[PDB]
Amino acid sequence: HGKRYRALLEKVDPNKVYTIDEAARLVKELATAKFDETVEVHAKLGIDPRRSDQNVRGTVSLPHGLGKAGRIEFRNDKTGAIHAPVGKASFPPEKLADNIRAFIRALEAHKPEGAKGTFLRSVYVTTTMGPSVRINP
Amino acid sequence: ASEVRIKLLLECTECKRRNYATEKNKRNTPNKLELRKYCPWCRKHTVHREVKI
Amino acid sequence: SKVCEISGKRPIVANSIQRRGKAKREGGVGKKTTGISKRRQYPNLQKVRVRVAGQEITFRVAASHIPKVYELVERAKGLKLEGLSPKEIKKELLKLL
RNA sequence: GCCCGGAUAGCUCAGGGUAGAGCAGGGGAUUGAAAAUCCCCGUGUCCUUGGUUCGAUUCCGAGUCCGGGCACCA
RNA sequence: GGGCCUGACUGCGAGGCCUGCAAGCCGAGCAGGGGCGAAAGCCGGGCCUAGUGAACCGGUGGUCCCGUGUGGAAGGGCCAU
RNA sequence: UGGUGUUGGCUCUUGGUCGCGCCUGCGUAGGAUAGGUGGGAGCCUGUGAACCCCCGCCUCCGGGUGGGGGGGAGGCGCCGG
RNA sequence: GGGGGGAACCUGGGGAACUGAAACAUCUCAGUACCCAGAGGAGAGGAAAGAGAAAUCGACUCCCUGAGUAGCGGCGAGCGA
Ligand SMILES: [Mg+2]
Ligand SMILES: [Mg+2]
Ligand SMILES: [Mg+2]
Ligand SMILES: [Mg+2]
Ligand SMILES: [Mg+2]
Ligand SMILES: [Mg+2]
Ligand SMILES: [Mg+2]
Ligand SMILES: [Mg+2]
Ligand SMILES: [Mg+2]
Ligand SMILES: [Mg+2]
Ligand SMILES: [Mg+2]
Ligand SMILES: [Mg+2]
Ligand SMILES: [Mg+2]
Ligand SMILES: [Mg+2]
Ligand SMILES: [Mg+2]
Ligand SMILES: [Mg+2]
Ligand SMILES: [Mg+2]
Ligand SMILES: [Mg+2]
Ligand SMILES: [Mg+2]
Ligand SMILES: [Mg+2]
Ligand SMILES: [Mg+2]
Ligand SMILES: [Mg+2]
Ligand SMILES: [Mg+2]
Ligand SMILES: [Mg+2]
Ligand SMILES: [Mg+2]
Ligand SMILES: [Mg+2]
Ligand SMILES: [Mg+2]
Ligand SMILES: [Mg+2]
Ligand SMILES: [Mg+2]
Ligand SMILES: [Mg+2]
Ligand SMILES: [Mg+2]
Ligand SMILES: [Mg+2]
Ligand SMILES: [Mg+2]
Ligand SMILES: [Mg+2]
Ligand SMILES: [Mg+2]
Ligand SMILES: [Mg+2]
Ligand SMILES: [Mg+2]
Ligand SMILES: [Mg+2]
Ligand SMILES: [Mg+2]
Ligand SMILES: [Mg+2]
Ligand SMILES: [Mg+2]
Ligand SMILES: [Mg+2]
Ligand SMILES: [Mg+2]
Ligand SMILES: [Zn+2]
């Protein structure tokens with residue numbers, strides 16, 4: 001890892017869970033690359049990968065989002081993960097939590113009807129080249 | 001009955017309640033049975049489905 | 001096996017019941033007793049040796065009350081115990097229960 | 001009743017990219033014979049159907065049948 | 001032999017046959033919702049007479065009747081198998 | 001005969017599994033050791049690139065991979081076959 | 001101070017079988033007979049970590065009732081607050 005990244009690592013701490021708001025305040029502190037990084041929200045659906053019927057797929061029209069308007073399409077990969085762009089590192093903090101939360105909502109709205117586990121086994125917020133923070137969905 | 005002549009029920013296909021029991025020969029008739037039949041619950045005739053006894 | 005020197009516990013009588021069949025909660029027609037018979041249940045009696053006032057004093061004790069033997073030694077401090085034969089010391093110790 | 005399982009060519013069999021292996025059968029070499037040995041060749045929705053993947057005997061659902069396991073029987 | 005179909009109905013059931021009991025058997029008619037028939041009508045399996053097994057215990061599906069101070073739940077009842 | 005009590009000390013070798021760290025994945029066309037996908041036009045370098053030396057080593061034998069000595073300015077992608 | 005004895009009565013520790021179930025094993029006889037220890041003129045029990053549905057009662061013992069009820073039960077024979 002590069003000094004630049006090693007730096008950021010300090011402003012994190014894995015143990016801590018954080019909050020949609022607490023994470024939104026960090027994003028900016030984590031976007032140290034020469035461009036408007038994104039942000040991304042990585043989940044980890046607690047459903048069976050190799051299957052169908054219980055496949056999470058759809059779209060969400062984020063109120064602000066992207067800035068690159070909304071309607072992002074997301075689809076769970078072969079593993080139990082699902083990923084999506086929630087906006088660019090710019091965006092005032094009180095603008096991301098609105099999307100993070102608006103996106104996570106859609107995920108729950110697309111949970112199957114036959115799924116074992118806590119569904120959102122885990123969730124994280126990040127930036128294109130920065131580290132990541134778990135969050136209380 | 002026997003292992004091949006088998007007993008079974010007939011579930012009303014609207015309310016799902018089992019209203020009738022009968023038998024079929026599952027060699028002669030692998031197709032799950034469909035019979036219009038009167039459901040006392042729905043009080044109208046209704047297609048009923050073979051459903052395991 | 002006899003009697004707890006500390007607790008008084010002694011053997012009780014119990015039945016050995018033998019059942020068959022599948023319990024009703026498991027979808028079974030039910031359990032049936034195929035035998036009942038008397039047996040005895042003994043206390044977990046063990047020996048505990050301790051030195052107290054330089055004499056060896058041993059107890060027959062329920063494993064459960066083993067530490068109560070030690071408490072008992074600990075309370076034997078404020079006691080004039082010298083000269084004493086092991087028999088009379090023990091006497092003195094259980095006088096503290 | 002529930003749980004674990006095998007199905008791949010004539011018989012027996014091991015196996016996310018594929019389809020082969022033993023001897024049975026046939027052709028050839030050899031032999032006095034029977035063999036043994038040796039060289040070639042076949043004999044496939046990989047039980048069924050439906051679904052993943054760019055595709056699959058391979059993953060999954062559902063079926064059908066034999067194999068096994070445990071339990072129960074008013 | 002063919003066409004349409006599922007009455008191989010649901011709720012009852014006058015009246016009988018048979019009969020030590022318990023069973024067994026036949027049944028017109030009325031209501032509901034049907035089938036076939038122009039209709040009269042017929043159909044509550046099968047030309048008939050064997051193809052069967054009381055109760056107890058328990059399985060499953062409904063029902064929503066009981067629910068041990070109360071609300072629920074455990075468990076049970078009732079209908080069906 | 002298993003578990004457990006009465007039942008303690010010291011080591012050595014281990015597996016199950018919770019976490020985190022980190023590599024391993026090679027049909028065929030090809031720069032060649034393609035994990036699934038979503039993100040991403042830039043990022044690896046004075047917190048020292050390019051090869052050079054010991055190599056923990058893994059291997060489908062072509063390579064992947066990781067600490068440190070030499071090390072003082074060029075490597076790796078969108079391109080696009 | 002103990003020790004031993006006392007017709008029955010009492011409390012504790014232990015604890016059968018015939019028999020009944022028109023066979024028998026759970027169940028019954030029955031915690032009975034009996035053995036043992038200990039009491040006394042009685043013994044046991046006794047002043048709520050109770051009852052159990054009344055915003056209730058108020059230690060224990062004994063009789064009547066509740067009641068062959070509630071329930072228990074190879075839901076059998078029977079058992080029984
Ligand atoms: Mg019928
Ligand atoms: Mg038939
Ligand atoms: Mg009908
Ligand atoms: Mg009804
Ligand atoms: Mg036992
Ligand atoms: Mg019983
Ligand atoms: Mg203990
Ligand atoms: Mg006809
Ligand atoms: Mg009559
Ligand atoms: Mg009669
Ligand atoms: Mg009518
Ligand atoms: Mg009509
Ligand atoms: Mg008409
Ligand atoms: Mg008419
Ligand atoms: Mg009639
Ligand atoms: Mg009985
Ligand atoms: Mg019953
Ligand atoms: Mg009710
Ligand atoms: Mg109620
Ligand atoms: Mg209660
Ligand atoms: Mg209640
Ligand atoms: Mg409530
Ligand atoms: Mg219930
Ligand atoms: Mg019920
Ligand atoms: Mg043992
Ligand atoms: Mg041990
Ligand atoms: Mg005396
Ligand atoms: Mg006496
Ligand atoms: Mg007694
Ligand atoms: Mg006695
Ligand atoms: Mg005896
Ligand atoms: Mg007896
Ligand atoms: Mg006897
Ligand atoms: Mg008898
Ligand atoms: Mg008799
Ligand atoms: Mg006899
Ligand atoms: Mg008794
Ligand atoms: Mg008196
Ligand atoms: Mg008195
Ligand atoms: Mg007293
Ligand atoms: Mg008091
Ligand atoms: Mg009885
Ligand atoms: Mg009794
Ligand atoms: Zn109906």
# chains A, B, ... in the order shown; residues from 1 in each chain; ligands from 1
call {"tool": "residues_near_ligand", "arguments": {"ligand": "ligand 6", "cutoff": "7 Å", "atoms": "only C-alpha atoms (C1' of nucleotides) and all ligand atoms", "output": "PDB file with C-alpha atoms, in the first residue's frame"}}
result
ATOM      1  CA  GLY C  30     -46.451 -42.406  22.965  1.00  0.00           C
ATOM      2  CA  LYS C  31     -44.032 -43.806  25.572  1.00  0.00           C
ATOM      3  CA  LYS C  32     -44.543 -47.072  27.321  1.00  0.00           C
ATOM      4  CA  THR C  33     -42.924 -48.274  30.540  1.00  0.00           C
TER       5      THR C  33
END
call {"tool": "residues_near_ligand", "arguments": {"ligand": "ligand 7", "cutoff": "8 Å", "atoms": "only C-alpha atoms (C1' of nucleotides) and all ligand atoms", "output": "list in words"}}
result
residues 63 and 64 of chain C; 5 of chain F
call {"tool": "interface_residues", "arguments": {"of": "chain D", "to": "chain C", "cutoff": "12 Å", "atoms": "only C-alpha atoms (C1' of nucleotides)", "output": "ChimeraX atom specification"}}
result
/D:1-2,71-74
call {"tool": "write_last_selection", "arguments": {"atoms": "N, CA, C and O atoms (P, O5', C5', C4', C3', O3' and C1' of nucleotides)", "output": "PDB file, in the first residue's frame"}}
result
ATOM      1  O5'   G D   1     -43.407 -41.059   5.003  1.00  0.00           O
ATOM      2  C5'   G D   1     -44.328 -40.580   5.974  1.00  0.00           C
ATOM      3  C4'   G D   1     -43.652 -40.305   7.297  1.00  0.00           C
ATOM      4  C3'   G D   1     -42.225 -39.777   7.215  1.00  0.00           C
ATOM      5  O3'   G D   1     -42.150 -38.387   6.928  1.00  0.00           O
ATOM      6  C1'   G D   1     -42.329 -41.516   8.815  1.00  0.00           C
ATOM      7  P     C D   2     -41.375 -37.865   5.617  1.00  0.00           P
ATOM      8  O5'   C D   2     -39.913 -37.518   6.148  1.00  0.00           O
ATOM      9  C5'   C D   2     -39.743 -36.618   7.229  1.00  0.00           C
ATOM     10  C4'   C D   2     -38.548 -36.991   8.063  1.00  0.00           C
ATOM     11  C3'   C D   2     -37.210 -36.940   7.352  1.00  0.00           C
ATOM     12  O3'   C D   2     -36.694 -35.632   7.221  1.00  0.00           O
ATOM     13  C1'   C D   2     -37.361 -38.952   8.555  1.00  0.00           C
ATOM     14  P     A D  71     -32.849 -47.755  15.558  1.00  0.00           P
ATOM     15  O5'   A D  71     -34.342 -47.209  15.772  1.00  0.00           O
ATOM     16  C5'   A D  71     -34.593 -46.051  16.543  1.00  0.00           C
ATOM     17  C4'   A D  71     -35.830 -45.329  16.078  1.00  0.00           C
ATOM     18  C3'   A D  71     -37.144 -46.049  16.253  1.00  0.00           C
ATOM     19  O3'   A D  71     -37.588 -46.043  17.589  1.00  0.00           O
ATOM     20  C1'   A D  71     -37.088 -45.071  14.128  1.00  0.00           C
ATOM     21  P     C D  72     -38.303 -47.336  18.209  1.00  0.00           P
ATOM     22  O5'   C D  72     -39.788 -47.204  17.669  1.00  0.00           O
ATOM     23  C5'   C D  72     -40.545 -46.053  17.986  1.00  0.00           C
ATOM     24  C4'   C D  72     -41.715 -45.916  17.060  1.00  0.00           C
ATOM     25  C3'   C D  72     -42.720 -47.046  17.083  1.00  0.00           C
ATOM     26  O3'   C D  72     -43.587 -46.989  18.194  1.00  0.00           O
ATOM     27  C1'   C D  72     -42.265 -46.441  14.859  1.00  0.00           C
ATOM     28  P     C D  73     -44.113 -48.345  18.847  1.00  0.00           P
ATOM     29  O5'   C D  73     -45.252 -48.851  17.857  1.00  0.00           O
ATOM     30  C5'   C D  73     -46.533 -48.230  17.800  1.00  0.00           C
ATOM     31  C4'   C D  73     -47.237 -48.576  16.513  1.00  0.00           C
ATOM     32  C3'   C D  73     -47.730 -50.012  16.362  1.00  0.00           C
ATOM     33  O3'   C D  73     -48.981 -50.255  17.000  1.00  0.00           O
ATOM     34  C1'   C D  73     -46.503 -49.412  14.439  1.00  0.00           C
ATOM     35  P     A D  74     -49.074 -50.821  18.513  1.00  0.00           P
ATOM     36  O5'   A D  74     -50.374 -50.101  19.092  1.00  0.00           O
ATOM     37  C5'   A D  74     -50.326 -48.751  19.550  1.00  0.00           C
ATOM     38  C4'   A D  74     -51.570 -47.978  19.167  1.00  0.00           C
ATOM     39  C3'   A D  74     -52.903 -48.622  19.562  1.00  0.00           C
ATOM     40  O3'   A D  74     -53.824 -47.589  19.890  1.00  0.00           O
ATOM     41  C1'   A D  74     -52.879 -48.252  17.249  1.00  0.00           C
TER      42        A D  74
END
call {"tool": "residues_around", "arguments": {"residues": "residue 78 of chain G", "least_positions_apart": "4", "cutoff": "9 Å", "atoms": "only C-alpha atoms (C1' of nucleotides)", "output": "ChimeraX atom specification"}}
result
/G:21,27-28,73
call {"tool": "write_last_selection", "arguments": {"atoms": "C-alpha atoms (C1' of nucleotides)", "output": "PDB file, in the first residue's frame"}}
result
ATOM      1  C1'   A G  21     -57.111 -56.574  35.667  1.00  0.00           C
ATOM      2  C1'   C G  27     -51.259 -50.598  36.326  1.00  0.00           C
ATOM      3  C1'   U G  28     -53.863 -53.044  41.076  1.00  0.00           C
ATOM      4  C1'   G G  73     -55.815 -44.115  33.810  1.00  0.00           C
TER       5        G G  73
END
call {"tool": "residues_around", "arguments": {"residues": "residue 8 of chain C", "least_positions_apart": "5", "cutoff": "12 Å", "atoms": "only C-alpha atoms (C1' of nucleotides)", "output": "PDB file with N, CA and C atoms, in the first residue's frame"}}
result
ATOM      1  N   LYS C   2     -21.696 -44.181  52.235  1.00  0.00           N
ATOM      2  CA  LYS C   2     -22.544 -43.898  53.389  1.00  0.00           C
ATOM      3  C   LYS C   2     -23.012 -42.493  53.363  1.00  0.00           C
ATOM      4  N   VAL C   3     -22.451 -41.719  54.283  1.00  0.00           N
ATOM      5  CA  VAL C   3     -23.103 -40.491  54.687  1.00  0.00           C
ATOM      6  C   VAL C   3     -22.202 -39.246  54.662  1.00  0.00           C
ATOM      7  N   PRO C  43     -24.260 -40.784  47.391  1.00  0.00           N
ATOM      8  CA  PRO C  43     -23.635 -39.445  47.333  1.00  0.00           C
ATOM      9  C   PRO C  43     -22.256 -39.587  46.789  1.00  0.00           C
ATOM     10  N   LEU C  45     -19.262 -39.707  47.585  1.00  0.00           N
ATOM     11  CA  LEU C  45     -18.396 -39.644  48.735  1.00  0.00           C
ATOM     12  C   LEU C  45     -16.988 -39.826  48.272  1.00  0.00           C
ATOM     13  N   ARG C  60     -15.041 -38.044  55.464  1.00  0.00           N
ATOM     14  CA  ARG C  60     -15.752 -38.702  54.403  1.00  0.00           C
ATOM     15  C   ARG C  60     -16.734 -37.647  53.917  1.00  0.00           C
ATOM     16  N   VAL C  61     -16.516 -37.103  52.724  1.00  0.00           N
ATOM     17  CA  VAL C  61     -17.380 -36.008  52.336  1.00  0.00           C
ATOM     18  C   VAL C  61     -18.013 -36.055  50.928  1.00  0.00           C
ATOM     19  N   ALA C  62     -19.213 -35.504  50.815  1.00  0.00           N
ATOM     20  CA  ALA C  62     -19.793 -35.434  49.492  1.00  0.00           C
ATOM     21  C   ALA C  62     -18.880 -34.533  48.699  1.00  0.00           C
ATOM     22  N   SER C  64     -19.466 -32.464  46.694  1.00  0.00           N
ATOM     23  CA  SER C  64     -20.100 -31.160  46.727  1.00  0.00           C
ATOM     24  C   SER C  64     -19.680 -30.342  47.932  1.00  0.00           C
ATOM     25  N   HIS C  65     -19.380 -30.973  49.061  1.00  0.00           N
ATOM     26  CA  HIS C  65     -19.109 -30.179  50.253  1.00  0.00           C
ATOM     27  C   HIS C  65     -17.660 -30.125  50.630  1.00  0.00           C
ATOM     28  N   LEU C  94     -16.396 -30.337  63.531  1.00  0.00           N
ATOM     29  CA  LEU C  94     -17.803 -30.441  63.141  1.00  0.00           C
ATOM     30  C   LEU C  94     -18.707 -29.714  64.143  1.00  0.00           C
ATOM     31  N   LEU C  97     -19.886 -26.649  62.337  1.00  0.00           N
ATOM     32  CA  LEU C  97     -21.070 -26.709  61.508  1.00  0.00           C
ATOM     33  C   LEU C  97     -22.229 -26.373  62.436  1.00  0.00           C
TER      34      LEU C  97
END
call {"tool": "residues_near_ligand", "arguments": {"ligand": "ligand 29", "cutoff": "12 Å", "atoms": "only C-alpha atoms (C1' of nucleotides) and all ligand atoms", "output": "JSON, numbers by chain"}}
result
{"G": [10, 11, 12, 13, 14, 15, 31, 32, 36, 37]}
call {"tool": "residues_near_ligand", "arguments": {"ligand": "ligand 17", "cutoff": "9 Å", "atoms": "only C-alpha atoms (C1' of nucleotides) and all ligand atoms", "output": "list in words"}}
result
residues 56, 57 and 58 of chain E
call {"tool": "write_last_selection", "arguments": {"atoms": "N, CA, C and O atoms (P, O5', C5', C4', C3', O3' and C1' of nucleotides)", "output": "PDB file, in the first residue's frame"}}
result
ATOM      1  P     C E  56     -62.170 -44.042  20.446  1.00  0.00           P
ATOM      2  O5'   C E  56     -60.922 -44.593  21.235  1.00  0.00           O
ATOM      3  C5'   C E  56     -61.070 -44.916  22.602  1.00  0.00           C
ATOM      4  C4'   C E  56     -59.841 -45.579  23.123  1.00  0.00           C
ATOM      5  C3'   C E  56     -58.584 -44.797  22.872  1.00  0.00           C
ATOM      6  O3'   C E  56     -58.423 -43.803  23.845  1.00  0.00           O
ATOM      7  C1'   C E  56     -58.258 -47.047  22.260  1.00  0.00           C
ATOM      8  P     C E  57     -57.785 -42.386  23.464  1.00  0.00           P
ATOM      9  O5'   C E  57     -56.342 -42.775  22.906  1.00  0.00           O
ATOM     10  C5'   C E  57     -55.231 -42.995  23.756  1.00  0.00           C
ATOM     11  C4'   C E  57     -53.992 -43.394  22.988  1.00  0.00           C
ATOM     12  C3'   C E  57     -53.418 -42.368  22.037  1.00  0.00           C
ATOM     13  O3'   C E  57     -52.736 -41.311  22.667  1.00  0.00           O
ATOM     14  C1'   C E  57     -53.442 -44.451  20.959  1.00  0.00           C
ATOM     15  P     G E  58     -53.049 -39.805  22.232  1.00  0.00           P
ATOM     16  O5'   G E  58     -52.390 -39.705  20.778  1.00  0.00           O
ATOM     17  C5'   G E  58     -51.003 -39.464  20.592  1.00  0.00           C
ATOM     18  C4'   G E  58     -50.517 -39.880  19.212  1.00  0.00           C
ATOM     19  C3'   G E  58     -50.809 -38.960  18.034  1.00  0.00           C
ATOM     20  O3'   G E  58     -49.988 -37.808  17.969  1.00  0.00           O
ATOM     21  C1'   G E  58     -51.267 -41.152  17.389  1.00  0.00           C
TER      22        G E  58
END
call {"tool": "residues_near_ligand", "arguments": {"ligand": "ligand 3", "cutoff": "7 Å", "atoms": "only C-alpha atoms (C1' of nucleotides) and all ligand atoms", "output": "VMD selection string"}}
result
(chain B and resid 36 to 38 45) or (chain E and resid 7 9)
call {"tool": "write_last_selection", "arguments": {"atoms": "N, CA and C atoms (P, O5', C5', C4', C3', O3' and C1' of nucleotides)", "output": "PDB file, in the first residue's frame"}}
result
ATOM      1  N   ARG B  36     -64.036 -30.971 -11.637  1.00  0.00           N
ATOM      2  CA  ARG B  36     -64.843 -29.918 -11.083  1.00  0.00           C
ATOM      3  C   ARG B  36     -65.615 -30.651 -10.012  1.00  0.00           C
ATOM      4  N   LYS B  37     -65.922 -29.943  -8.939  1.00  0.00           N
ATOM      5  CA  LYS B  37     -66.413 -30.594  -7.767  1.00  0.00           C
ATOM      6  C   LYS B  37     -66.938 -29.459  -6.920  1.00  0.00           C
ATOM      7  N   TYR B  38     -67.955 -29.707  -6.092  1.00  0.00           N
ATOM      8  CA  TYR B  38     -68.612 -28.646  -5.320  1.00  0.00           C
ATOM      9  C   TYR B  38     -67.965 -28.426  -3.967  1.00  0.00           C
ATOM     10  N   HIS B  45     -69.406 -24.765  -7.576  1.00  0.00           N
ATOM     11  CA  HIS B  45     -68.472 -25.792  -8.068  1.00  0.00           C
ATOM     12  C   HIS B  45     -67.113 -25.182  -8.301  1.00  0.00           C
TER      13      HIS B  45
ATOM     14  P     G E   7     -69.632 -33.814  -9.348  1.00  0.00           P
ATOM     15  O5'   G E   7     -70.791 -34.891  -9.177  1.00  0.00           O
ATOM     16  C5'   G E   7     -70.478 -36.214  -8.778  1.00  0.00           C
ATOM     17  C4'   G E   7     -71.656 -37.118  -8.963  1.00  0.00           C
ATOM     18  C3'   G E   7     -72.050 -37.394 -10.413  1.00  0.00           C
ATOM     19  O3'   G E   7     -72.257 -38.775 -10.620  1.00  0.00           O
ATOM     20  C1'   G E   7     -73.923 -36.661  -9.173  1.00  0.00           C
ATOM     21  P     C E   9     -68.757 -38.500  -4.665  1.00  0.00           P
ATOM     22  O5'   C E   9     -70.270 -38.200  -4.994  1.00  0.00           O
ATOM     23  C5'   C E   9     -71.072 -37.481  -4.094  1.00  0.00           C
ATOM     24  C4'   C E   9     -70.843 -36.000  -4.182  1.00  0.00           C
ATOM     25  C3'   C E   9     -71.317 -35.216  -2.967  1.00  0.00           C
ATOM     26  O3'   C E   9     -70.318 -35.193  -1.975  1.00  0.00           O
ATOM     27  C1'   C E   9     -71.975 -34.099  -4.959  1.00  0.00           C
TER      28        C E   9
END
call {"tool": "residues_near_ligand", "arguments": {"ligand": "ligand 40", "cutoff": "8 Å", "atoms": "only C-alpha atoms (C1' of nucleotides) and all ligand atoms", "output": "ChimeraX atom specification"}}
result
/G:44-46
call {"tool": "write_last_selection", "arguments": {"atoms": "N, CA and C atoms (P, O5', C5', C4', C3', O3' and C1' of nucleotides)", "output": "PDB file, in the first residue's frame"}}
result
ATOM      1  P     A G  44     -43.972 -35.293  67.700  1.00  0.00           P
ATOM      2  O5'   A G  44     -44.589 -35.252  66.223  1.00  0.00           O
ATOM      3  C5'   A G  44     -44.218 -36.228  65.255  1.00  0.00           C
ATOM      4  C4'   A G  44     -45.095 -36.144  64.041  1.00  0.00           C
ATOM      5  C3'   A G  44     -45.204 -34.779  63.392  1.00  0.00           C
ATOM      6  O3'   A G  44     -44.137 -34.558  62.478  1.00  0.00           O
ATOM      7  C1'   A G  44     -47.363 -35.685  63.701  1.00  0.00           C
ATOM      8  P     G G  45     -43.526 -33.088  62.263  1.00  0.00           P
ATOM      9  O5'   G G  45     -44.806 -32.227  61.897  1.00  0.00           O
ATOM     10  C5'   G G  45     -45.373 -32.367  60.618  1.00  0.00           C
ATOM     11  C4'   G G  45     -46.566 -31.493  60.516  1.00  0.00           C
ATOM     12  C3'   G G  45     -46.278 -30.045  60.776  1.00  0.00           C
ATOM     13  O3'   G G  45     -45.819 -29.421  59.593  1.00  0.00           O
ATOM     14  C1'   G G  45     -48.164 -30.719  62.027  1.00  0.00           C
ATOM     15  P     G G  46     -44.733 -28.239  59.647  1.00  0.00           P
ATOM     16  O5'   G G  46     -45.490 -27.060  60.377  1.00  0.00           O
ATOM     17  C5'   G G  46     -46.612 -26.505  59.754  1.00  0.00           C
ATOM     18  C4'   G G  46     -47.332 -25.615  60.696  1.00  0.00           C
ATOM     19  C3'   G G  46     -46.483 -24.583  61.395  1.00  0.00           C
ATOM     20  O3'   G G  46     -46.291 -23.494  60.533  1.00  0.00           O
ATOM     21  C1'   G G  46     -47.943 -25.600  62.954  1.00  0.00           C
TER      22        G G  46
END
call {"tool": "residues_around", "arguments": {"residues": "residue 4 of chain A", "least_positions_apart": "5", "cutoff": "10 Å", "atoms": "only C-alpha atoms (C1' of nucleotides)", "output": "PyMOL selection string"}}
result
(chain A and resi 9+32-33+129-130) or (chain F and resi 47)
call {"tool": "write_last_selection", "arguments": {"atoms": "N, CA and C atoms (P, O5', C5', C4', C3', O3' and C1' of nucleotides)", "output": "PDB file, in the first residue's frame"}}
result
ATOM      1  N   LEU A   9      -5.772   5.091   6.492  1.00  0.00           N
ATOM      2  CA  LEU A   9      -6.027   3.972   7.388  1.00  0.00           C
ATOM      3  C   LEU A   9      -6.209   4.398   8.838  1.00  0.00           C
ATOM      4  N   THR A  32      -8.776  11.240  -0.843  1.00  0.00           N
ATOM      5  CA  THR A  32      -7.534  11.977  -1.089  1.00  0.00           C
ATOM      6  C   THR A  32      -6.912  11.786  -2.479  1.00  0.00           C
ATOM      7  N   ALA A  33      -7.686  11.280  -3.434  1.00  0.00           N
ATOM      8  CA  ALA A  33      -7.169  11.072  -4.781  1.00  0.00           C
ATOM      9  C   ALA A  33      -7.450  12.296  -5.641  1.00  0.00           C
ATOM     10  N   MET A 129     -10.687   5.145  -4.131  1.00  0.00           N
ATOM     11  CA  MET A 129      -9.358   4.690  -3.728  1.00  0.00           C
ATOM     12  C   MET A 129      -9.104   4.696  -2.224  1.00  0.00           C
ATOM     13  N   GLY A 130     -10.132   4.981  -1.434  1.00  0.00           N
ATOM     14  CA  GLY A 130      -9.946   5.008   0.006  1.00  0.00           C
ATOM     15  C   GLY A 130     -10.277   3.685   0.671  1.00  0.00           C
TER      16      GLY A 130
ATOM     17  P     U F  47       9.457  10.829   1.798  1.00  0.00           P
ATOM     18  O5'   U F  47       9.291   9.265   2.068  1.00  0.00           O
ATOM     19  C5'   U F  47      10.357   8.489   2.614  1.00  0.00           C
ATOM     20  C4'   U F  47       9.965   7.042   2.818  1.00  0.00           C
ATOM     21  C3'   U F  47       9.374   6.353   1.594  1.00  0.00           C
ATOM     22  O3'   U F  47       9.756   4.976   1.583  1.00  0.00           O
ATOM     23  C1'   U F  47       7.748   6.435   3.339  1.00  0.00           C
TER      24        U F  47
END
call {"tool": "residues_near_ligand", "arguments": {"ligand": "ligand 15", "cutoff": "9 Å", "atoms": "only C-alpha atoms (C1' of nucleotides) and all ligand atoms", "output": "number ranges by chain"}}
result
E: 27-29, 43-44
call {"tool": "residues_near_ligand", "arguments": {"ligand": "ligand 28", "cutoff": "8 Å", "atoms": "only C-alpha atoms (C1' of nucleotides) and all ligand atoms", "output": "list in words"}}
result
residues 4, 5, 6 and 38 of chain G
call {"tool": "residues_near_ligand", "arguments": {"ligand": "ligand 19", "cutoff": "9 Å", "atoms": "only C-alpha atoms (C1' of nucleotides) and all ligand atoms", "output": "PDB file with N, CA, C and O atoms (P, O5', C5', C4', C3', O3' and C1' of nucleotides), in the first residue's frame"}}
result
ATOM      1  P     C E  66     -64.345 -20.098  22.974  1.00  0.00           P
ATOM      2  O5'   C E  66     -63.630 -21.067  24.033  1.00  0.00           O
ATOM      3  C5'   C E  66     -64.329 -21.765  25.047  1.00  0.00           C
ATOM      4  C4'   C E  66     -63.422 -22.754  25.745  1.00  0.00           C
ATOM      5  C3'   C E  66     -62.106 -22.210  26.270  1.00  0.00           C
ATOM      6  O3'   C E  66     -62.273 -21.551  27.514  1.00  0.00           O
ATOM      7  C1'   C E  66     -61.695 -24.215  25.123  1.00  0.00           C
ATOM      8  P     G E  67     -61.628 -20.102  27.740  1.00  0.00           P
ATOM      9  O5'   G E  67     -60.111 -20.474  27.931  1.00  0.00           O
ATOM     10  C5'   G E  67     -59.740 -21.424  28.903  1.00  0.00           C
ATOM     11  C4'   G E  67     -58.387 -21.947  28.575  1.00  0.00           C
ATOM     12  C3'   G E  67     -57.265 -20.946  28.786  1.00  0.00           C
ATOM     13  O3'   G E  67     -56.198 -21.592  29.472  1.00  0.00           O
ATOM     14  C1'   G E  67     -57.216 -21.767  26.546  1.00  0.00           C
ATOM     15  P     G E  71     -57.923 -13.063  28.576  1.00  0.00           P
ATOM     16  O5'   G E  71     -56.892 -12.396  27.546  1.00  0.00           O
ATOM     17  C5'   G E  71     -56.946 -11.025  27.151  1.00  0.00           C
ATOM     18  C4'   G E  71     -55.700 -10.631  26.375  1.00  0.00           C
ATOM     19  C3'   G E  71     -55.252 -11.630  25.337  1.00  0.00           C
ATOM     20  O3'   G E  71     -55.921 -11.480  24.112  1.00  0.00           O
ATOM     21  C1'   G E  71     -53.407 -10.978  26.669  1.00  0.00           C
ATOM     22  P     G E  72     -56.267 -12.772  23.204  1.00  0.00           P
ATOM     23  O5'   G E  72     -54.992 -13.709  23.353  1.00  0.00           O
ATOM     24  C5'   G E  72     -54.366 -14.344  22.264  1.00  0.00           C
ATOM     25  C4'   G E  72     -52.861 -14.277  22.398  1.00  0.00           C
ATOM     26  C3'   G E  72     -52.111 -15.558  22.176  1.00  0.00           C
ATOM     27  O3'   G E  72     -52.029 -15.898  20.826  1.00  0.00           O
ATOM     28  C1'   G E  72     -51.177 -14.473  24.014  1.00  0.00           C
TER      29        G E  72
END
call {"tool": "select_by_dssp", "arguments": {"residues": "segment 34-76 of chain C", "states": "helix (DSSP H, G or I)", "output": "PyMOL selection string"}}
result
chain C and resi 63-74
